[PDB]
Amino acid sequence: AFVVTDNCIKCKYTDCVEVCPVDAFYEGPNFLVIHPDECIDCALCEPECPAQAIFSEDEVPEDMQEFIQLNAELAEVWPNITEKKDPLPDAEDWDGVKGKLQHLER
């Protein structure tokens, strides 16, 4: 399963959803998650993230391990997203800011 980590929060570019063959992304107010049972690990989404927020589950940074379980839990309650939309308005002010998990909205 591929995992979306911190730098997606408040950027949410959604570029990643075009390339997913199986529509494994689920949508929240300011973040996306990958559903782990649906992901076929094709890796096509992680070159497409401008915020370079997607990782293979086995490559998630040590200080971002919470995001593996977070993707699995929020994909169960968030709506599936299958079309790209505009990035959130202030997405490049927040691109690259560390510590954005405190800003996640359910």
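Numbers follow the displayed sequence, beginning with 1.
> Taking only the CA atoms, which stretch has the higher mean B-factor in the record, 28-36 or 76-84?
Taking the mean C-alpha B-factor of 28-36 and of 76-84, the larger value falls to 76-84.
> Determine, from the deposited record, the chain-internal third of the Cα B-factor for residue 19: lowest, middle or highest.
Within its chain, residue 19 is a middle-third residue by C-alpha B-factor, going by the deposited values.
> Grab the CA temperature factor for residue 64 from the record and place it in the lowest, middle or highest third of its chain.
For residue 64, the deposited C-alpha B-factor lands in the middle third.
> Where does the C-alpha B-factor of residue 103 rank in its chain, lowest, middle or highest third?
Middle third, going by the recorded CA B-factors of the chain.
> Using only modelled residues of the chain, where does the Cα B factor of residue 49 rank: lowest third, middle third or highest third?
Residue 49: CA B-factor falls in the middle third of its chain.
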